[PDB]
Every structure is written in C-alpha cells, then in structure tokens.
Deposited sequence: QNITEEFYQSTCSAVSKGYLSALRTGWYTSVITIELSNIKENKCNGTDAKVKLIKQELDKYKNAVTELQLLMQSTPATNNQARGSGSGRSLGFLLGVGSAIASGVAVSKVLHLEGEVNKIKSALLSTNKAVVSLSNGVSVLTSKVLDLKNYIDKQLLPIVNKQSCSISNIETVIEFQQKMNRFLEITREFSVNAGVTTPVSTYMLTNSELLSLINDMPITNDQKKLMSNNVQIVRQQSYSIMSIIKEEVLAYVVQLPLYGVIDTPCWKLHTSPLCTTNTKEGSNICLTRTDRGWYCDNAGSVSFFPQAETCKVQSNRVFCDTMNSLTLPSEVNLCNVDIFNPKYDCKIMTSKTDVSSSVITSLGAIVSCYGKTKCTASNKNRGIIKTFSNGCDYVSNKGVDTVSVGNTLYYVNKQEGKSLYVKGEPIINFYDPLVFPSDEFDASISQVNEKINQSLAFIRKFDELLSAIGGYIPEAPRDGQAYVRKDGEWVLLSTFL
C-alpha cells in the first residue's frame, strides 16, 4: 500500500502510501478521586499491625500534602514554526474549576453516578468521571479502626487491602510530582484502558474517528496530557486533555532529502545542493500541511499521526516540487554550499546513499555480503535485496518494511548551474533566490565586459 519514488534530479524521495490523522483540537475531561480527612486521627501503639497501619497512613498523608503542595503552582510545560501553549485548554478548565462552588457542584453531580456531564461555571460542559473510591473504604472499613476508641488492628489483611485499594494514588501522586503536575504521555494508572475506551465512546467525535482512536490508544496516550487542577475539600480533580482528530483518511507523503554535489576530482571547488523541505506533507482542506519536525509526527503502520500546532500552511502547488523543480506555480526551497561531505539517508522503503570524494560505499546483505558498490553520485536502492548499507566508517541498517519502490532517472540540477557564479552561502534560500543571485552576478560580469 506504500509506494516510493526516487528522483535523481534532486536526490529526494517521497512515500505517498500513507494515510493522515491530524490533531485539530483538544478535548478536556475532568477525573475526580474522593479522599478522606484522617489527619485528625493519631492512633498509635506498640503493636506491629498498629505500626504498619500508622506507616501506611503516614505515606497517604505525605502523598496528600505533596499533592496539596502543587496547588500553589501554575502548570506549564523550523525557525518559522512559532510558539504555542499545548496545555492552554487544560489550564483554562483548571482555572474555571478554581472558582468557589464548582467543587461542590462536581461533588453533588458525581454523588449519584460514576460518569456524568457537568455544566461548568464558564458555560462549557465537560465529561466528568470518578475512577477511584478511597473514601468508601477508609471511612467505612478503616475509620473505626483508626478511631481512638479502639486503635487496634485485627489482622494484616486490612493493611494489605489498604495498600492495594491504594498504591494507585501513590503512583499518581509520584507521577504528578515528578512531572510538575503536567504529565505526558498519560500512563495507564492515570487512565486505564477501559476508562479510556469509555471516555472515547462518549466523546462527540464521529464513528470513523472513534474507531481510529480506539485502534491507536497508544498514540492517543502519547498525544494526551494530564494536568493537576484542584485539591480541595475531600476530592482530587485532574484534567485529561485528549486529542481531537478532525482530518481523517487524507493523503500524506514524507519527503527525504540528501545533499547532491558535483563530480569534480578536485578536493575543493565542488558545489553542492540540498533541499530544506524535509518532513511530512499532509493535505486536509485545499492545502498542504508541512511538519518540519519529524519527532512530533508518529507513524503507525500506514497511518501517520501529526500535530497541527507544530505545522506550517502551504499551498497545494507544493506537490509540483517533486516533479518539476523549475515550475512557476511554486518556489522550491534549496540549500547551497560546497562542503563535499559523505552521508546517507535511511528511508522507509530504501536508503538514499550519496558519498563523495574518497569515501567507500557498500550495500551489504545478511547472506550474500556486499551486493552493490556506489560511485560518486546520488544513488538509491530498495530494501528488497539490501539489508544494511555502509558509508565509509558507518554501518546503517535499512528498514525492512514491505512495499514498492520506483526509480525516476534524471539529470542532476547541479549540472545546469555554473560553479563560477554559484553562491555557496544560502541557508534557507529558494530556486528563485539562487537564480536571481546568479543572474545578478552574470549581468554584472556582462556589463563589465561591455564597458571594457
């Protein structure tokens, strides 16, 4: 389903067999945990069971005061990408929860059922859920024991039952403290698989997005956030910021670039060219979304998950950069220099190899050994036969993803540019920029020749 074409003219390759899943929104859900006020009780004794229960209660109290310590702390966590607050919706919902009666309203609403829809003070309604019931255990089967009337423990079963109806509050508090209240990815302790699926079921997305997020809950967790919101009264509420995917089943292709120099035998004076448009290109609505940072975009089988916050808006004519560089519809972006370095780029369905100078290049195999030797120039081999490629000192491994590969032979575009008037200081210039500079220099030389 994944097809790859390599263009020898620009030493770039694309993979147009991918399906898109772009995050175009945020969904906030409040998760509450009921707590108990046992700090007043101070049951103590020389008995081993009493000491163990006291230590467990001390750990619980430490966790509670350490969560309360985060209450007075605001939560917060290529060059043209810009900046943005990814957790802004979560902190807004937290601030809306910070008002006086919202805790009382959430308790009154959740006092009947586990999951309910609550209208907040700002007019925005968010789904609310209760995951843990610690009060129902402490105040009913532990509070009489901790009370000073008895201050005695019958058996170790009680302390183990407490540890197990706990340990989860402990891990949640530890994660909140380590991640300063903003934790990503959301762990299973913070939101288990069943509760996550239930929350996805009641989200107002459509059936296709529901199925997609149910089949990629790991990516959902990786693209989610959990922010500490309130610790007041006898409840603990933290907001989960689930992603919203509004772009479903649309074409996307990843573009890989490798530097292409000239084949001059001299050590110097070897001009070079490289394309500065690496990343994913997703189409959503009459335009192409550019994702320069490949780390923010995750690939699951044939489906790619990308974040629109770290994205750039480009016109639909950017696709012509792959077929015709000198097309007038769009201005392709290139980088110019003459550092004759040797390097190779590993692709999903192959490996672009371009070693220059006195650097060897071997495409080895796990059984037949070396099967291909590269000369001076851009080259590309599909992963059907070659398992790993070696460039000089390095030993790169080629991904063994199944698919089809295509080779588009063409004359390199660096052979059409005169090295005498070739600028080698461009960092983020374009084809039009380089053409204008070359024309300026050539016309300068022409007018000098005419004046002489």
- prompt: Which parts of the deposited sequence have no C-alpha atoms in the model?
  reply: 1, 79-91, 467-497
